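Student: Take this structure, written in C-alpha cells, and hold onto it; I'll ask about it next.
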Amino acid sequence: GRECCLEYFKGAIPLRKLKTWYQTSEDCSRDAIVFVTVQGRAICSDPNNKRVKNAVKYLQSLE
Amino acid sequence: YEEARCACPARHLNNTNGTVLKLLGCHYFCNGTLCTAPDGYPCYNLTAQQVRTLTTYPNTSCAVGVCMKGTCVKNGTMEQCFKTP
C-alpha cells in the first residue's frame, strides 16, 4: 500500500546486512529510502544522508 | 540497531485532493512494538464507526488532524479518505 516513514534511523546499517531498497511515495510528509535487511527488517533512512546515497549505489552496483 | 525499533514504514490513508498522506490516528506498528507518530505528523481522527466504513474508495468524510503526544488533534478540515487499492 501507501507506505510512509514517520521516523528516520540515524545510525549506520552494515551493508552486509542489506538485501534491497525502495523509496516511499512522493506524497509522504517525509521523503525516505527504506532499506530491507536480510532478516526482513524495513529501516527508514534519510535520503539527504550521504551514507544512504552510498548504500544505494552499493546495492545498485551489484548489477 | 535497537533504537531503530520505530523506524519502519507504516501504511497511510489516501485522499482525493493532492494533499499529504496521513496516518490513521497517531500510532503504528513496527517490529513487535507499538510506536507513536512524531508531534506535528498529519493524521486522521476517525470514530470506531467511521473506521468500520473505511473501504478502498472515498466513502468516508475524515477529520484531518495533527499528532500531539500520541493524540490526533483535529484542525477542523474534512477530507474524503480511504485505504489504498
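Derivation of every value follows stated rules applied to the coordinates shown; laboratory data play no part. Here the Cβ positions follow ideal geometry from the backbone for every residue, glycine too, while neighbour counts run over all protein chains shown.
Student: Please give the average number of partner chain Cβ atoms lying within 10 Å of the Cβ of each residue in A:6-19, rounded to a whole number.
Tutor: Other-chain Cβ atoms within 10 Å of each residue's Cβ, averaged: 4.
Student: With the dipole of chain B worked out from charges on the C-beta (+1 for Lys and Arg, -1 for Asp and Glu) around the Cα centre, which of B:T77, B:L23, B:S61 lies farthest toward the positive end?
Tutor: Projecting each Cα onto the dipole axis, the largest value belongs to B:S61.
Student: Here is a follow-up. When 1/r is averaged over all different Cα pairs and the result inverted, which Kirkwood radius in Å belongs to the protein assembly as shown?
Tutor: Evaluated over the protein assembly as shown, this radius sits at 16.1 Å.
Student: First check a/c for chain B, with a ≥ b ≥ c the square roots of the eigenvalues of its C-alpha gyration tensor; if it is under 1.5, answer rounded, and if not, answer prolate when a/b is larger than b/c or oblate otherwise.
Tutor: Prolate shape, in that a/c is at least 1.5 and a/b is the bigger ratio.
Student: Now a separate question. How large are Rg and Dmax for chain A when calculated on the C-alpha trace, in angstrom?
Tutor: 11.1, 31
Student: What does the net charge come to around B:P58 if you take all other residues with beta carbon closer than 12 Å to its beta carbon, with K and R at +1 and D and E at -1?
Tutor: Local charge sum for B:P58: 0.
Student: Summarise the partner chain shielding of B:8-16 as one whole number: the mean count of Cβ atoms from other chains within 10 Å of each residue's Cβ.
Tutor: Partner Cβ neighbours, averaged per residue: 6.
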